[PDB]
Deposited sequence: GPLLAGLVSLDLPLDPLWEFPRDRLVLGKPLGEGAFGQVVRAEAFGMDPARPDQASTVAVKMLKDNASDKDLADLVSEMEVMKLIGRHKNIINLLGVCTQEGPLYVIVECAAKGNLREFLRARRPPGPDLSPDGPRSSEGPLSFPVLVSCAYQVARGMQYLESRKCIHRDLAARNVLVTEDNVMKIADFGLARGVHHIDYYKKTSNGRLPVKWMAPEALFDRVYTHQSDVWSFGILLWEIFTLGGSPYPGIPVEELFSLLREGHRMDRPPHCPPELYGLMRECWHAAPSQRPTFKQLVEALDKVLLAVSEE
């Protein structure tokens, strides 16, 4: 419908859509080839992802997400906005393409037969996700859902948090699960769960426990055990994230600093 933004408007003519990528609630995402995305070289073709409506009240969320992405600006560890097609019919939101898919699938696809994903790589994944979450928090933005399937992997193993904005019960903090309140510290609880997903190479949280009585065990002070071959330093981080009192869990800065110290152990 309305405005035309000269910092972001990109012509349909140099966008040829490709094969779908997935989901997601807000609309289908499709691979696409864009021409001249870097106006330095207007030849330099590149692979981008395009978010569209399916065909709506989702038009409101789609425009809303686009405007949010403009506000936050770039960062290494989020899916960044590249341009928008508002001018000749259907809305297109062009964002960067993570070639290796989501992090849980990246992990599961390279699992041993039992007992590549060396220890620096997995620490590198956790460090990058912590850096992206700290940045989103610093822009007063947030991403409740945070789970390994919410994280995308580029061709060069850069982690990018998909979507952010200004049911998944095994990732939710107690106060969000029961009091329906969400803060940065409840993200830290979810990041702890994501940490466990990473060092189980894409495992399912609380294996075997159906999605009910989980809450009673959390009230008993129980939490998932240390996964195999996970060093005690990283399990310590996980359990600090799973402290019941929100102010006793670490902030994303402290998680950044602790993970960075683990990366430096080289």
| query | finding |
| --- | --- |
| Coordinate gaps, deposited numbering | 1-10, 66-68, 129-140, 192-208, 309-311 |
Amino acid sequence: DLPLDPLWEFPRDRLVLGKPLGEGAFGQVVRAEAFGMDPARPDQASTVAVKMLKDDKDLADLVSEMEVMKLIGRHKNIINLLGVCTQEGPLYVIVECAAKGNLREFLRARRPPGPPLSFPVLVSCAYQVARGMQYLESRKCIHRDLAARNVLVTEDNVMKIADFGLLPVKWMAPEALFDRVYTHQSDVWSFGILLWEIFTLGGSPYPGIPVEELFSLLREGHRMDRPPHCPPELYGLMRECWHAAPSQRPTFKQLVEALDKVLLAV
From here on, numbers count along this sequence of modelled residues.
{"item": "Of 43-51 and 207-215, the one with larger mean CA B-factor", "value": "207-215"}
{"item": "Between the two ranges 198-206 and 58-66, the one averaging a larger CA B factor in the entry", "value": "58-66"}
{"item": "Among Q87, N102, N77, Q134 - the residue whose C-alpha B-factor is largest in the record", "value": "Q87"}
{"item": "Out of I161, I193, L122, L167, highest CA B-factor residue", "value": "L167"}
{"item": "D13 CA temperature factor, ranked by third within the chain", "value": "highest"}
{"item": "Position of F106 among the chain's modelled residues by C-alpha B-factor, lowest, middle or highest third", "value": "middle"}
{"item": "Assigned third (lowest, middle, highest) for the C-alpha B factor of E175", "value": "middle"}
{"item": "Entry-reported Cα temperature factor of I142, expressed as the chain third it lands in", "value": "highest"}
{"item": "Lowest, middle or highest third - CA B-factor, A25", "value": "highest"}
